[PDB]
Amino acid sequence: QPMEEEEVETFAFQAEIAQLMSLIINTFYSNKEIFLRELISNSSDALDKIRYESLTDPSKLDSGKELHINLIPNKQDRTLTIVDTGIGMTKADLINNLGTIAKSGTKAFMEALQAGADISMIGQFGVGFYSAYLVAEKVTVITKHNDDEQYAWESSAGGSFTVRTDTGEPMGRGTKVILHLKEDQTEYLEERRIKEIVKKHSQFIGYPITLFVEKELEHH
Amino acid sequence: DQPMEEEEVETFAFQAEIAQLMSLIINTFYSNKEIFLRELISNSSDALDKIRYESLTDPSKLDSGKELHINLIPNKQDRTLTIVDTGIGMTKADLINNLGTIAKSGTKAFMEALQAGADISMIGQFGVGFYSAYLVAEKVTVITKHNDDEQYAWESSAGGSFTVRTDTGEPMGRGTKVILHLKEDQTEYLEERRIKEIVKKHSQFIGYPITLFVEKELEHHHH
Ligand SMILES: O=C(c1cc(Cl)c(O)cc1O)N1CCC[C@@H]1c1ccc(CN2CCC(F)(F)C2)cc1
Ligand SMILES: O=C(c1cc(Cl)c(O)cc1O)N1CCC[C@@H]1c1ccc(CN2CCC(F)(F)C2)cc1
């Protein structure tokens with residue numbers, strides 16, 4: 001008689017990816033703010049892909065025409081959420097894209113960090129998503145692709161991640177990254193901080209970026 | 001070559017007394033216009049109760065979203081205040097029947113109590129609370145989505161008529177979204193501090209999460 005029941009799948013990260021996450025999540029780095037640049041850049045890439053699909057098949061935008069990125073800090077939850085209405089990811093995409101298949105750059109980037117490369121270059125090796133763990137103890141990715149159901153990926157590192165169908169609020173289409181911030185990284189929940197980081201690092205992104213400051217009202 | 005969309009747009013006349021009530025609401029001063037938010041939050045709470053009670057005996061009714069809540073979104077750039085809930089929503093007929101074509105006994109007497117000069121606050125008791133929206137809004141748009149039906153848009157600028165159409169905007173899972181296009185001298189209801197105090201004052205007993213999202217477009221990234 002449960003309110004609900006669903007299957008949860010747990011997957012091991014590919015060895016190199018686990019190594020990178022441990023390196024990122026544990027090691028001191030001076031400008032972690034670049035995490036937000038990498039996630040906005042990923043969102044922009046997703047919006048490009050749906051935009052170009054719609055040019056040959058407009059019905060692809062039946063799930064929503066607006067192409068944009070929302071940034072949603074929630075001090076009460078200590079979460080920062082980046083939402084886009086891009087092309088989204090199938091379940092296979094989540095499992096493949098986000099853990100089980102290490103690409104050249106995974107090892108290549110740890111290879112480069114030894115060679116004197118910087119962490120802000122994590123994006124040039126195509127593994128920018130993982131910079132999220134510079135500031136987050138846990139990351140949840142919720143995604144909805146056309147013709148597919150809405151899935152939720154999550155990891156606190158430690159070598160594994162889970163995937164399940166998301167029963168939360170339905171998205172029309174796109175991807176939402178929920179960063180559950182480390183205790184000492186709450187600065188990234190502040191309007192002034194988010195504003196300056198976007199102005200500094202994401203000036204060239206070609207889609208609306210909008211802030212929604214979230215506050216749960218007292219007693220509610 | 002081909003249109004993106006093609007749809008019928010229907011225009012309805014407001015029932016006579018409803019039209020009369022709206023004109024009174026728009027053209028009369030009241031010292032406590034803030035009660036409009038109480039009325040719309042109350043309507044959302046009712047819608048939420050209904051999908052919850054339905055879900056008891058029929059659990060699959062929450063397939064369109066499990067979370068039951070109310071969001072308030074002020075957008076200073078657009079001068080809109082939006083109230084969104086994940087309640088049971090309205091079918092096209094519910095929308096037409098509820099929002100303007102049928103008048104109840106509680107209209108002619110209330111609308112006459114205001115012509116007589118009563119306190120606008122009593123509007124909710126007479127079951128016409130939605131129309132308090134026009135205390136602060138020059139136009140109201142309602143987007144609604146009921147299980148097993150299409151998403152519809154209702155809209156009126158209170159000229160004696162309103163329109164209904166299938167909506168082609170951003171998809172809602174389920175529920176109702178009220179978009180208030182605010183009057184120029186009623187923009188205070190876009191302010192965070194103002195919204196907080198109104199909710200704290202009038203909606204203390206609403207048994208659902210009410211969440212404010214202060215919308216701010218970022219420099220060089222508008223639209
Ligand atoms: O839905 C998303 C998406 C993904 C993330 Cl993570 C996001 O923050 C926002 C998004 O909209 N897509 C769909 C197609 C393009 C975009 C995407 C998909 C995969 C990568 C590669 N990275 C994934 C982990 C990695 F190993 F670091 C390498 C980048 C962008
Ligand atoms: O979708 C909604 C809903 C409607 C409005 Cl307006 C809202 O602000 C939020 C909502 O969720 N429903 C579904 C069922 C219960 C709820 C509802 C429906 C009708 C009335 C009566 N009013 C309609 C005009 C009136 F004449 F003033 C009397 C109240 C609540």
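The figures here come from the full heavy-atom set of this structure, side chains too, leaving out hydrogens, waters and symmetry mates. Labels below follow one simple rule: chain letters A, B, ... track the order of the sequence lines, proteins then strands, and each chain is numbered from 1.
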Full working for side-chain contact (heavy atoms from CB on, under 4.5 Å) between B:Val214 and A:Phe212: CA-CA 5 Å; B:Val214 183; A:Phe212 291 85; over 6 Å; no
Could you go through B:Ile35 and B:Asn32, starting from their C-alpha distance and side-chain angles, then the distance that decides it, and tell me whether this counts as side-chain contact (heavy atoms from CB on, under 4.5 Å)? CA-CA 6 Å; B:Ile35 58 83; B:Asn32 57 340; 4.2 Å; yes
Atom group of B:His220 that falls short of 4.5 Å from chain A, counting heavy atoms: side chain
Which one of B:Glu219, B:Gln2, B:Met172 has the most heavy-atom pairs closer than 4.5 Å to chain A? B:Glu219
Engaged part of A:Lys199 at the chain B interface, taking heavy atoms whose separation is under 4.5 Å: side chain
Is it the case that the side chain of B:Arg52 and the backbone of B:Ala47 share a donor-acceptor pair, with hydrogens and angles ignored and the cut-off at 3.5 Å? no
Relative to chain B, which segment of A:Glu169 carries a heavy atom at a distance below 4.5 Å: side chain, backbone, both, or neither? both
Of the listed A:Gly64, A:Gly172, A:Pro208, the one with the largest count of heavy-atom pairs under 4.5 Å with chain B is A:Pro208
Spatial distance of atom CE (A:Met3) from atom OG (B:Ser55) [nearest 0.5 Å]: 8.0 Å
Please classify the contact between A:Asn70 and chain B as side chain, backbone, both or neither, with a heavy-atom cut-off of under 4.5 Å. neither
Under a 4.5 Å heavy-atom cut-off, does chain B meet the side chain of A:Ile69, its backbone, both or neither? neither
With chain A as the partner, which of B:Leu62, B:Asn75, B:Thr211 has the greatest number of non-hydrogen pairs under 4.5 Å? B:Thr211
Per-residue contact mode, A:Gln203 against chain B (heavy atom under 4.5 angstrom): both
Let me know if A:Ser202 has heavy atoms under 4.5 Å from chain B in its side chain, its backbone, both or neither. backbone
Using a 4.5 angstrom heavy-atom cutoff, name the option from B:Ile73, B:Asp63, B:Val199 with the most pairs to chain A. B:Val199
Can a side-chain donor-acceptor contact be found between B:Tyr152 and B:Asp149 if the only test is distance below 3.5 angstrom? yes
Is it the case that the ring center of B:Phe36 lies less than 6.0 angstrom away from the ring center of B:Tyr134? no
Proximal component of A:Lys65, with respect to chain B [non-hydrogen, under 4.5 Å]: both
Apply salt bridge (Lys or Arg N to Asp or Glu O under 4.0 Å) to residues A:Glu33 and A:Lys200 and explain how you reach the verdict. CA-CA 10 Å; A:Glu33 68 181 46; A:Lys200 185 182 190 184; 3.7 Å; yes
When you check the side-chain N and O atoms of B:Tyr30 and B:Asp119, is any donor under 3.5 Å from an acceptor? no
Side chain from CB out, backbone as N, CA, C, O: work out which of these in A:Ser63 comes under 4.5 Å of a heavy atom of chain B, or both, or neither. backbone
Regarding A:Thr85 and A:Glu66, is there a side-chain donor-to-acceptor distance under 3.5 Å anywhere? no
Who among A:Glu191, A:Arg173, A:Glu4, A:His68 has the most heavy-atom pairs with chain B under 4.5 Å? A:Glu191
